[PDB]
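Peer 1: Following this message is one structure expressed as structure tokens.
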Amino acid sequence: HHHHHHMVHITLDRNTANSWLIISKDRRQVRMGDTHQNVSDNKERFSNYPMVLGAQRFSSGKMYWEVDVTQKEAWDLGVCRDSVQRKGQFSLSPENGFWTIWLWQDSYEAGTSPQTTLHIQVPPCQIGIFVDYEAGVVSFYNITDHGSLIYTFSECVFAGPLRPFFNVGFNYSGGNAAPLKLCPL
Ligand SMILES: COCC(=O)NCc1ccccc1
């Protein structure tokens with residue numbers, strides 16, 4: 001792909017984070033802490049899952065960023081509507097305002113309803129995310145495999161401003177402590 005020139009500098013919004021997440025001082029890395037991180041509750045925080053949003057809101061144009069997933073067992077990445085549900089249980093689907101992929105139990109899947117199997121020969125250490133607001137497109141690229149396409153959501157109905165979306169995943173296994181990191185431009 002040739003989307004690199006739409007690169008945007010994403011930072012994490014502390015105020016949207018689940019109360020167990022630790023966001024780095026530079027707001028470019030996030031990991032799940034071993035306990036509550038001593039923050040007050042607010043209506044923005046994701047309650048049930050270890051999720052956080054980017055600070056940036058997109059309503060037009062073309063945007064590209066990269067995320068490092070090295071040595072993680074489980075994670076979700078993509079974009080979502082600014083107005084997605086924060087509290088209680090919900091599924092990641094376009095009907096709920098999410099355009100995401102994920103890793104879970106050694107398989108990669110796109111957050112369609114129902115979910116779609118992805119065909120990945122080279123486990124990615126970094127993921128590229130491309131959004132074309134006007135075209136209604138969200139695309140995912142395998143940076144480890146020379147930028148090969150993972151998945152394209154097309155005919156997206158964003159229906160609002162978009163925010164970068166992250167889930168560091170559960171760490172029941174003790175094998176998923178590693179952070180998500182926004183990779184430099
Ligand atoms: C440490 O691992 C246990 C675990 O993953 N618990 C579930 C959970 C943790 C934090 C926020 C939401 C849900």
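We name chains A, B, ... following the order of the structure tokens; residues begin at 1 in each chain, and ligands are numbered from 1 as shown.
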Dump as a tab-separated table the rows for residues of range 33-116 of chain A within 12 Å of range 124-130 of chain A: closest atom pair and distance in Å with one decimal, only C-alpha atoms counted, ordered by chain and rising residue number.

Peer 2:
```
residue	atom	partner	partner_atom	distance
A:61	CA	A:130	CA	10.7
A:62	CA	A:130	CA	7.3
A:63	CA	A:130	CA	5.8
A:64	CA	A:130	CA	4.5
A:65	CA	A:129	CA	5.5
A:66	CA	A:128	CA	4.4
A:67	CA	A:127	CA	5.3
A:68	CA	A:126	CA	4.3
A:69	CA	A:125	CA	5.2
A:70	CA	A:125	CA	4.6
A:71	CA	A:125	CA	7.6
A:72	CA	A:125	CA	8.9
A:73	CA	A:125	CA	11.4
A:75	CA	A:127	CA	11.5
A:76	CA	A:127	CA	11.0
A:77	CA	A:129	CA	8.5
A:78	CA	A:129	CA	6.7
A:79	CA	A:129	CA	8.7
A:99	CA	A:129	CA	10.5
A:100	CA	A:129	CA	9.6
A:101	CA	A:127	CA	10.1
A:102	CA	A:127	CA	10.7
A:103	CA	A:124	CA	10.2
A:107	CA	A:124	CA	11.9
A:108	CA	A:124	CA	10.2
```

Peer 1: Would you save the residues from that selection as a PDB file, in the first residue's frame, using C-alpha atoms?

Peer 2:
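Result file is again_24.pdb:
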```pdb
ATOM      1  CA  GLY A  61     -10.168  12.962   5.071  1.00  0.00           C
ATOM      2  CA  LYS A  62      -7.714  10.097   4.996  1.00  0.00           C
ATOM      3  CA  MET A  63      -5.828   8.968   8.148  1.00  0.00           C
ATOM      4  CA  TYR A  64      -3.153   6.281   8.751  1.00  0.00           C
ATOM      5  CA  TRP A  65      -1.418   5.076  11.935  1.00  0.00           C
ATOM      6  CA  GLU A  66       0.542   1.959  13.141  1.00  0.00           C
ATOM      7  CA  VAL A  67       0.306  -0.051  16.372  1.00  0.00           C
ATOM      8  CA  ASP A  68       2.921  -2.472  17.849  1.00  0.00           C
ATOM      9  CA  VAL A  69       1.333  -5.754  19.168  1.00  0.00           C
ATOM     10  CA  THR A  70       4.628  -7.688  19.770  1.00  0.00           C
ATOM     11  CA  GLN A  71       4.249 -10.801  22.064  1.00  0.00           C
ATOM     12  CA  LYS A  72       0.532 -10.177  22.860  1.00  0.00           C
ATOM     13  CA  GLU A  73      -1.905 -13.149  22.985  1.00  0.00           C
ATOM     14  CA  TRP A  75      -6.061  -7.486  21.558  1.00  0.00           C
ATOM     15  CA  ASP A  76      -8.647  -5.507  19.550  1.00  0.00           C
ATOM     16  CA  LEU A  77      -7.706  -2.566  17.218  1.00  0.00           C
ATOM     17  CA  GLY A  78      -9.435  -0.185  14.858  1.00  0.00           C
ATOM     18  CA  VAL A  79     -11.837   2.833  15.048  1.00  0.00           C
ATOM     19  CA  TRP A  99     -14.710  -1.231  12.828  1.00  0.00           C
ATOM     20  CA  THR A 100     -12.132  -3.555  14.389  1.00  0.00           C
ATOM     21  CA  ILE A 101      -9.983  -6.675  14.033  1.00  0.00           C
ATOM     22  CA  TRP A 102      -8.634  -8.821  16.840  1.00  0.00           C
ATOM     23  CA  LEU A 103      -6.425 -11.643  17.985  1.00  0.00           C
ATOM     24  CA  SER A 107      -6.831 -16.855  15.500  1.00  0.00           C
ATOM     25  CA  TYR A 108      -7.313 -13.411  13.886  1.00  0.00           C
TER      26      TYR A 108
END
```

Peer 1: Return as number ranges by chain every polymer residue, whether protein, DNA or RNA, with at least one atom no more than 9 Å from an atom of ligand 1; count only C-alpha atoms and all ligand atoms.

Peer 2: A: 18-21, 32-36, 46-51, 169-174, 176-177

Peer 1: Give me the residues within 10 Å of range 132-135 of chain A as a PyMOL selection string, counting only C-alpha atoms and dropping any in the same chain fewer than 6 places off.

Peer 2: chain A and resi 6+58-64+154-158+161-162

Peer 1: Give me every strand (DSSP E) residue in range 48-175 of chain A, going by DSSP on the backbone, as a PyMOL selection string.

Peer 2: chain A and resi 51-53+62-68+75-81+98-104+107-110+116-117+126-132+137-142+148-153+162-167

Peer 1: Dump C-alpha atoms for the selected residues as a PDB file, in the first residue's frame?

Peer 2:
```pdb
ATOM      1  CA  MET A  51     -10.293  -0.487  26.355  1.00  0.00           C
ATOM      2  CA  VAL A  52      -9.197   3.136  25.700  1.00  0.00           C
ATOM      3  CA  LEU A  53      -9.752   5.694  22.864  1.00  0.00           C
ATOM      4  CA  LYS A  62      -7.714  10.097   4.996  1.00  0.00           C
ATOM      5  CA  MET A  63      -5.828   8.968   8.148  1.00  0.00           C
ATOM      6  CA  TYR A  64      -3.153   6.281   8.751  1.00  0.00           C
ATOM      7  CA  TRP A  65      -1.418   5.076  11.935  1.00  0.00           C
ATOM      8  CA  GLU A  66       0.542   1.959  13.141  1.00  0.00           C
ATOM      9  CA  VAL A  67       0.306  -0.051  16.372  1.00  0.00           C
ATOM     10  CA  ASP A  68       2.921  -2.472  17.849  1.00  0.00           C
ATOM     11  CA  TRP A  75      -6.061  -7.486  21.558  1.00  0.00           C
ATOM     12  CA  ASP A  76      -8.647  -5.507  19.550  1.00  0.00           C
ATOM     13  CA  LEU A  77      -7.706  -2.566  17.218  1.00  0.00           C
ATOM     14  CA  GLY A  78      -9.435  -0.185  14.858  1.00  0.00           C
ATOM     15  CA  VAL A  79     -11.837   2.833  15.048  1.00  0.00           C
ATOM     16  CA  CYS A  80     -15.199   3.522  16.628  1.00  0.00           C
ATOM     17  CA  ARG A  81     -17.897   6.223  16.765  1.00  0.00           C
ATOM     18  CA  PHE A  98     -16.988  -0.348  15.838  1.00  0.00           C
ATOM     19  CA  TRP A  99     -14.710  -1.231  12.828  1.00  0.00           C
ATOM     20  CA  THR A 100     -12.132  -3.555  14.389  1.00  0.00           C
ATOM     21  CA  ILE A 101      -9.983  -6.675  14.033  1.00  0.00           C
ATOM     22  CA  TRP A 102      -8.634  -8.821  16.840  1.00  0.00           C
ATOM     23  CA  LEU A 103      -6.425 -11.643  17.985  1.00  0.00           C
ATOM     24  CA  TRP A 104      -7.940 -14.293  20.311  1.00  0.00           C
ATOM     25  CA  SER A 107      -6.831 -16.855  15.500  1.00  0.00           C
ATOM     26  CA  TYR A 108      -7.313 -13.411  13.886  1.00  0.00           C
ATOM     27  CA  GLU A 109     -10.896 -12.212  13.136  1.00  0.00           C
ATOM     28  CA  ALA A 110     -12.653  -9.120  11.732  1.00  0.00           C
ATOM     29  CA  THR A 116     -15.073 -13.110   9.869  1.00  0.00           C
ATOM     30  CA  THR A 117     -11.996 -15.423   9.808  1.00  0.00           C
ATOM     31  CA  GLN A 126       2.828  -4.150  13.860  1.00  0.00           C
ATOM     32  CA  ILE A 127      -0.611  -3.315  12.318  1.00  0.00           C
ATOM     33  CA  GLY A 128      -1.351  -0.394   9.948  1.00  0.00           C
ATOM     34  CA  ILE A 129      -4.860   1.142  10.150  1.00  0.00           C
ATOM     35  CA  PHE A 130      -6.150   3.281   7.216  1.00  0.00           C
ATOM     36  CA  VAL A 131      -9.447   5.288   7.354  1.00  0.00           C
ATOM     37  CA  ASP A 132     -11.014   7.063   4.342  1.00  0.00           C
ATOM     38  CA  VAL A 137     -13.419   2.490   4.231  1.00  0.00           C
ATOM     39  CA  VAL A 138     -11.373   1.042   7.125  1.00  0.00           C
ATOM     40  CA  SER A 139      -8.387  -1.134   6.077  1.00  0.00           C
ATOM     41  CA  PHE A 140      -5.827  -3.098   8.096  1.00  0.00           C
ATOM     42  CA  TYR A 141      -2.274  -3.924   6.926  1.00  0.00           C
ATOM     43  CA  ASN A 142       0.382  -6.440   8.158  1.00  0.00           C
ATOM     44  CA  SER A 148       0.041  -7.045   2.988  1.00  0.00           C
ATOM     45  CA  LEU A 149      -3.751  -6.455   3.297  1.00  0.00           C
ATOM     46  CA  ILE A 150      -5.441  -8.097   6.297  1.00  0.00           C
ATOM     47  CA  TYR A 151      -9.037  -6.801   5.935  1.00  0.00           C
ATOM     48  CA  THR A 152     -11.140  -4.010   4.354  1.00  0.00           C
ATOM     49  CA  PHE A 153     -14.494  -2.820   5.782  1.00  0.00           C
ATOM     50  CA  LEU A 162     -14.497   8.532  14.647  1.00  0.00           C
ATOM     51  CA  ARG A 163     -11.905   7.840  17.379  1.00  0.00           C
ATOM     52  CA  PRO A 164      -8.959   5.398  17.282  1.00  0.00           C
ATOM     53  CA  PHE A 165      -9.971   2.325  19.388  1.00  0.00           C
ATOM     54  CA  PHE A 166      -7.733  -0.024  21.451  1.00  0.00           C
ATOM     55  CA  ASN A 167      -8.191  -3.090  23.678  1.00  0.00           C
TER      56      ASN A 167
END
```
